[PDB]
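Here we start with a single chain on its own, the form deposited in one PDB entry, put down as C-alpha cells.
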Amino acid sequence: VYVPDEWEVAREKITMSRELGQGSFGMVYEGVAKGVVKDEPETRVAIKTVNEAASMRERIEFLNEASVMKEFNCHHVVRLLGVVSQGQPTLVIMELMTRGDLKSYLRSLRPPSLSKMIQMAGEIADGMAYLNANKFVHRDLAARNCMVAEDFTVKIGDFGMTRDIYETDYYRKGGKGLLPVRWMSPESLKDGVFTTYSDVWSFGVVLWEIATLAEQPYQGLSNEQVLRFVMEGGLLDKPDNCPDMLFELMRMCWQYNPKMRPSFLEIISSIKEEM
C-alpha cells in the first residue's frame, strides 16, 4: 500500500482552476495551495489527479511515482510540495511552471543567441546530472517534458505520453506501449536498454529542438523509417543557422556507442568552459 507521511496536505487547502492537460493517470490542473511554502500564505501549483475510474493498484502506482520526488532538492527539477492520499480524487501538488513546457515555449518563438540556447542547455543538464546522480533515468527527456518558469529558467519535468497536443511524438511500436521513438537511442530502440547514457542521447535531441525551435526530429521519415535509420547509425542533420558549439555538443550526445557519449557532468563542464 501507500503509507501517508508529513508530505500529506489537507484537501481543503487546495483549489483547482483551469486544466493543464491529460496526464498518465488523470487530468492535471493549475491551482493555488495554502500553507505549502514557508513565509507564503498562497502558492500557485500544478495539481496532478487520478481518474475516479482508476484501480487501487494504479492509485498506489501514482503515489509511489510521486514519492520518488520526496528525495529531490534540485532547483532544475520541478519541486514536489504535497500529497493528498486521503479521499477522492488522489492529488499531488507541485511548483507551477507558469510558461509551460519548453516545446510549447520554443514553438511560440517562431532567432535565439548562442548565449540563450547554451543557458537553457546548461539548465537542463543541471537537472539531468542531479537526477542521474540519484539513480533516476528519465526515459522521456524531450523539450515537451522540460518546463519553463516565469523568469525563463528551465527545469526537468514529465507530463507523461498521453497529451493530445504531442500525439505525433509517440509511436505504439508493435501495438504495445507508446514510445518516444524520435528521441530514443539506438540501444533503447533495439533492445529496450534505458540508461543515463540514453538520457544523454535524448538531451542531444533536446539541443536540436532548441536550435530548430522544436521542429519534428526526422521530419519526412515515418516511425518505422526512424527506427531503421537511427539503429543503422543515421543522425539528425545540423539545424539551419546552428552555431558550431551546439552542433558539436549534439554530435557528442549521438555517439553510437553509449560509452563514448559525455555524462551530464561533462556537458555542464564544457558549457561552463564557454560561459
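We call the rigid core whatever largest set of C-alpha positions still superposes within 1.5 Å between the two forms. Numbers for residues come from their place in the sequence shown, where the first is 1.
The next section is about a form of this same protein that is not shown, the form deposited in another entry.
Only one candidate in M120, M94, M161, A142 has its Cα displaced by 2 Å or more between the shown form and the other one after core superposition: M161. In this overlay on the rigid core, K173 has a C-alpha that sits 2 Å or more away from its partner position between the shown form and the other one. A shift of at least 3 angstroms pushes the Cα atoms of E224 and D158 further from each other in that other deposited form than in the displayed structure. Compared with the form shown here, the Cα atoms of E215 and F159 move at least 3 Å farther apart in that other deposited form.
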